[PDB]
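What follows is each chain in one-letter form.
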Amino acid sequence: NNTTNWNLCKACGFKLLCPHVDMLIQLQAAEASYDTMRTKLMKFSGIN
Amino acid sequence: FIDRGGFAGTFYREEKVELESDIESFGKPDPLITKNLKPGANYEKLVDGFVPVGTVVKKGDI
Amino acid sequence: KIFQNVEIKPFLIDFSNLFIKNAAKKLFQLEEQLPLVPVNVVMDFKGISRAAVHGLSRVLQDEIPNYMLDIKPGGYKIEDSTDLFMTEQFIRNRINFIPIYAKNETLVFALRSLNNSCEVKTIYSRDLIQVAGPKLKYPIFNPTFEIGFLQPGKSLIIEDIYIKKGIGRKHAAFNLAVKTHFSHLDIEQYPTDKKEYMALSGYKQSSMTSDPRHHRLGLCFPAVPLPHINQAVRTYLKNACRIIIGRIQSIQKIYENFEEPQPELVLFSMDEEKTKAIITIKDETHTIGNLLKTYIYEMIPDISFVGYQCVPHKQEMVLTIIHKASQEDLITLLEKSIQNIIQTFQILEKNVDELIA
Amino acid sequence: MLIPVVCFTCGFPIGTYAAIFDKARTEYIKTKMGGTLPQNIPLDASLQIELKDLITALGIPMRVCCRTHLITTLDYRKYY
Ligand SMILES: [Zn+2]
Ligand SMILES: [Zn+2]
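Below is a summary of the structure that appears in this document.

### Some thoughts on the overall build of chain C
Okay, step 1: A count of helices and strands for chain C gives 6 helices and 15 strands.
Okay, step 2: Viewed in the frame of its principal axes, chain C has a C-alpha envelope of about 85 × 55 × 40 Å.
Okay, step 3: Of all 357 residues assigned to chain C, the portion counted as buried reaches 50%.
Okay, step 4: In chain C, of all internal contacts separated by at least 6 residues, the share reaching a separation of at least 24 is 77%.
Okay, step 5: In the structure as shown, chain C presents an accessible area of about 17700 Å², 51% of it carried by carbon and sulfur atoms.

Quick look at the structure:
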């Protein structure tokens, strides 16, 4: 579930975690500054 | 009286933007190279860096 | 015979005046009357409430459909219009308010002015070339208007000048009739030249008490062809009638559906056998509300309450009717009042057809 | 910038008799001007220039608003 749709829970079947949340958690645990966090989460940008 | 042109006219504003010599330039940015583009903007109305004369620019337009 | 004794008089240019004669003859080579002239029509009404006459006047002013000339988006050609002073807003404001008497919505005009001279050249309305639609056998606007002026070496190119339909209330360019007279012929008047009476209106009865039913209304139409004046004015009058009837018929479709829950009609059963009806209609004016109040009041002399509150910032008319009958009887009386309005304006239609030959 | 097409108040078609009313008026002024420089006309203190009959001959009614806007409207061509 790299992009464009939700991660789904195999145990139940409903939505589990959006990928940008995973990337945000990785960056927060990876000493990422706000600018280095704002620019990396740009492939998840909303409606153009 | 309002619709017929009573006290009706045109109101003007100006936009004067300057450059830094050989650093900056006038042109349409591209999403895949340029950084921190303004959220909710509209870059498609630019033609060679400037919006063409005669078009209607609204809030959020570059 | 509600509507009798109508008289029609055009507004014509007096060519006995040497100054006007010379100016017209050297400007437009004009020696006789213009194709379209204003027409003043004075009408006498008898046995009809002033609410109906004033509603007819209001409809003829700014509630009747009417045609103007408008510029489609992109019609003003920036690539060719080199004039720095004739902006799009100014020119389109000039064009919108030219009084026209059109036959169809298909005509499309164009304005192509080139200034090859060394002096400012005035763009008149005779420079509007019809480019689409059937060829005109009679002009739809006067050729003596001043659309604009071009500085030397400038140009003005405008395409897609079409005919747009609308009501005068939304935009003033659709206004049709301009008021010239309104009086009550069944109320005596003081001589207001005297200093004792110049601070009063003149009528010998206060508006808080008077109920006139014999009126004179005079309206002026801005553009009517010379050889068909009686054909045009009559049409206008008839048009107004239908419009009012149509609007009234809309309310007639509300009362018919009082059993089902309808948003525009609310019925309450109050104390002491009293019933209440609230009719909220959007985008209605004082015409329909005043007509409804007047005719309900005439139908029910002992009504508890009636009001037609039209709110400016709510864009709606709320008619409140409180009466000591049941819901069914109240609806029956309302339908009777609506039928009275319909028959009154049908009689107006018939009298308009009968009078103007 | 010109005399309006319709009266600002009521909407009578003033514009269709505007241009003529301009030019004719000039000759009338030339009749009544009298040994005086043009730019000093509004300071002559002896002029009686009345345009009632001219507007009446144009067919325009005796409405206050219509004649007011016909007479008083400035023309951009005459100042620029
Ligand atoms: Zn789960
Ligand atoms: Zn007027």
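### As for the arrangement of the chains
Okay, step 1: The assembly contains 4 pairs of chains in contact; the pair sharing the most contacts is chains C and D.
Okay, step 2: One finds no contact linking chain A with chain C; the least C-alpha distance across the pair is 27 Å.
Okay, step 3: In this assembly chain A lies apart from chain D, the nearest approach of their C-alpha atoms being 45 Å.

### Observations concerning empty space enclosed by the protein
All names here are of chain C.
Okay, step 1: Throughout the structure, instances matching the rule amount to 2 cavities of 30 Å³ or more.
Okay, step 2: The space that makes up the largest cavity amounts to roughly 210 Å³.
Okay, step 3: Lining the largest cavity we find 21 residues, and of these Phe97, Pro99, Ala173, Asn175 and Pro222 sit closest to its centre.
Okay, step 4: Looking at the lining of the largest cavity, the elements that each hand over two or more residues are β3 (65-71) and β10 (214-225).
Okay, step 5: In terms of residue count, β3 provides more of the lining of the largest cavity than any other element does, 3 residues in total.
Okay, step 6: Residues that form the lining of the largest cavity fall into these classes: 16 nonpolar, 4 polar and 1 charged.
Okay, step 7: Estimated volume of the second largest cavity: approximately 30 Å³.

### Observations concerning the coordination of the zinc ion (ligand 2)
Six octahedral donors around a metal ideally make angles of 90 or 180 degrees; four tetrahedral donors ideally make 109.5 degrees.
Residues and elements named next belong to chain D.
Okay, step 1: Taken together, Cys7 (SG), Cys10 (SG), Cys65 (SG) and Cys66 (SG) make up the full set of protein donors to the zinc ion (ligand 2), lying 2.3 Å away.
Okay, step 2: Taken together, the 4 donor atoms coordinating the zinc ion (ligand 2) and their angles of 102 to 114° define a geometry best described as tetrahedral.
Okay, step 3: Positions of the donor residues of the zinc ion (ligand 2), expressed as sequence spacing, correspond to C-x2-C-x54-C-C.
Okay, step 4: By relative accessible area, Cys7 is classed as buried at 0%.

### Observations regarding the packing of helix α2 (residues 50-62) of chain C against helix α4 (residues 229-255) of chain C
Residue and element names in this part refer to chain C.
Okay, step 1: At their nearest, the axes of α2 and α4 sit 9 Å apart, and the two run at 110° to each other. Judged by the angle between their axes, α2 and α4 are roughly perpendicular. Contact residues: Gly55, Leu56, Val59 and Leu60 in α2; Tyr236, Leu237, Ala240, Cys241, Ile243, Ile244 and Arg247 in α4.
Okay, step 2: Residues belonging to the contact of α2 with α4 are distributed by class as follows: 9 nonpolar, 1 polar and 1 charged.

### Describing the interface of chain C and chain D
Okay, step 1: On the chain D side, the residues contacting the 37 residues of chain C number 32 residues.
Okay, step 2: When the two sides are added together, the surface that chain C and chain D hide from each other amounts to roughly 3000 Å², 71% of it contributed by carbon and sulfur.
Okay, step 3: Considering only the surface of chain C that becomes buried against chain D, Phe19, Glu146 and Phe149 of chain C emerge as the three largest contributors, covering 21% of it.
Okay, step 4: The partner of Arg77 of chain D in a salt bridge is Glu146 of chain C, and the shortest N-O contact between them spans 3.2 Å.
Okay, step 5: In this assembly, chain C and chain D are joined by 7 residue pairs in polar contact.

### Here's the deal with the packing of aromatic side chains
Okay, step 1: Inspection of every chain in the model, using the stated rule, returns 15 aromatic pairs over all chains.
Okay, step 2: Aromatic pair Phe26 of chain B and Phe50 of chain B: ring centres 4.9 Å apart, planes at 50°, arrangement tilted.
Okay, step 3: Assessed through its relative accessible area of 48%, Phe50 of chain B is described here as partly exposed.
Okay, step 4: Ring centres of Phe11 of chain C and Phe12 of chain D lie 6.0 Å apart, and the angle between their planes is 70°; this geometry places the pair in the edge-to-face category. Here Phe11 of chain C, found in the loop between β1 (3-10) and α1 (18-27), pairs with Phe12 of chain D, found in the segment before α1 (18-32), and the two come from separate chains.
Okay, step 5: The rings of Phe85 and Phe149 of chain C together with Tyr76 and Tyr80 of chain D are connected pair by pair, giving a single aromatic cluster.

### So, the pattern of salt bridges
Pairing between side chains becomes possible if they bear opposite charge and their charged atoms approach one another.
Okay, step 1: One pass over the structure, following the stated rule, counts 16 salt bridges over all chains.
Okay, step 2: Among the salt bridges present, the one from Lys45 of chain B reaches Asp61 of chain B, with a minimum N-O distance of 2.6 Å.
Okay, step 3: Overall, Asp61 of chain B belongs to the buried group, its relative accessible area being 19%.
Okay, step 4: One salt bridge connects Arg92 of chain C with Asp70 of chain C, and the closest N-O pair in it is separated by 2.9 Å. Placement of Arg92 of chain C in helix α3 (residues 88-96) and of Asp70 of chain C in strand β3 is noted, with a sequence separation of 22 residues between them.
Okay, step 5: Taking the relative accessible area as the measure of exposure, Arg92 of chain C reaches 26% and is therefore partly exposed.

### Focus: the nonpolar core
Residues and elements named next belong to chain C.
Okay, step 1: With 62 residues, the main nonpolar core has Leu60, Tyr255, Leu292 and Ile321 as its most contacted residues.
Okay, step 2: Among the elements that take part in this core, α4 stands out by supplying 13 residues, more than any other.
Okay, step 3: Once residues within four sequence positions are removed from consideration, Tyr255 is found in contact with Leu265, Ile279, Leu319, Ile321, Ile331, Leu334, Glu335 and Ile338.

### Notes on the environment of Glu31 of chain C
Residues and elements named next belong to chain C.
Okay, step 1: As for its position among the elements, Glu31 is in the loop between α1 and β2 (36-46).
Okay, step 2: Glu31 sits in the exposed class, given a relative accessible area of 58%.
Okay, step 3: Along the backbone, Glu31 and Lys21 are 10 residues apart, and their C-alpha atoms lie at a distance of 7.3 Å.
Okay, step 4: If we skip the residues at most four places from it in the chain, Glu31 touches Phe15 and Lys25.

What counts, and where the lines are drawn
For each chain, numbering restarts from 1 and follows the sequence as written, which can differ from how the entry numbers it; residues lacking coordinates are not listed. As a convention, the first chain written is A and the first ligand written is 1, with the rest following in written order. Consider the displayed chains a part of a larger assembly; each reported value belongs to this part rather than to the entire assembly. Side-chain metrics rest on all non-hydrogen atoms present in the structure, leaving aside hydrogens and water. Here a helix means four or more residues in a row that DSSP labels H or I, a strand means two or more in a row labelled E, and each is numbered from the N terminus. For every residue, the accessible area obtained with a 1.4 Å probe (protein chains only) is divided by the maximum for its type, and the residue is called buried under 20%, exposed over 50%, and partly exposed between those limits. The contact criterion used is simple: two residues touch if any of their non-hydrogen atoms lie within 4.5 Å. Note on areas: Shrake-Rupley with a 1.4 Å probe; residue coverage comes only from the protein chains shown. Whether a set of points on the 1 Å grid over the protein atoms alone is a cavity depends on a 1.4 Å probe fitting there but being unable to get out, while an open set qualifies as a pocket with protein on both sides within 12 Å along at least five of seven lines; lining residues are those with an atom within 4 Å of a point. Grid points are joined across faces, edges and corners, and a volume is the space filled by probe spheres set on the points. Note on residue categories: nonpolar means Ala, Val, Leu, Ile, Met, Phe, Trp, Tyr, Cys or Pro, charged means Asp, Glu, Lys or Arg, and polar means any other residue, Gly included. Donor criterion used throughout: N, O or S atom within 2.8 Å of the metal, extended to 3.2 Å for Na, K and Ca. Water excluded; incomplete-looking sites may result. Just to be clear on the cut-offs, tetrahedral is four donors with all angles between 85 and 135 degrees, square planar is four donors and octahedral six with opposite donors over 155 degrees apart and all others between 65 and 115, and anything else goes down as irregular. Axis geometry follows a simple rule: fit a line to the C-alpha atoms, using only the stretch in contact for helices, then measure angles between N-to-C directions, giving values from 0 to 180 degrees. These descriptions rest on fixed angle ranges, namely under 35 degrees for roughly parallel, over 145 for roughly antiparallel, 65 to 115 for roughly perpendicular, and the rest for oblique. When two parts are brought into contact, each loses some accessible area as probed by a 1.4 Å sphere; the total of that loss over both is the buried area. Criterion for a salt bridge: a side-chain nitrogen of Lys or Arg within 4 Å of a carboxyl oxygen of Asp or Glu. Under this definition, polar contacts are N or O atom pairs within 3.5 Å; protein pairs additionally need one hydrogen-donor-capable and one acceptor-capable atom, and for neighbouring residues in sequence, both atoms have to be side-chain atoms. Two aromatic rings, drawn from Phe, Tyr or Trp (for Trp, its six-membered ring), form a pair once their centres lie within 6.5 Å of each other, and the interplanar angle then sorts them: stacked below 30 degrees, edge-to-face above 60, tilted otherwise. By convention a nonpolar core is built from buried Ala, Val, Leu, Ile, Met, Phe, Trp, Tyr and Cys residues, the set being connected through side-chain atoms within 4.5 Å.

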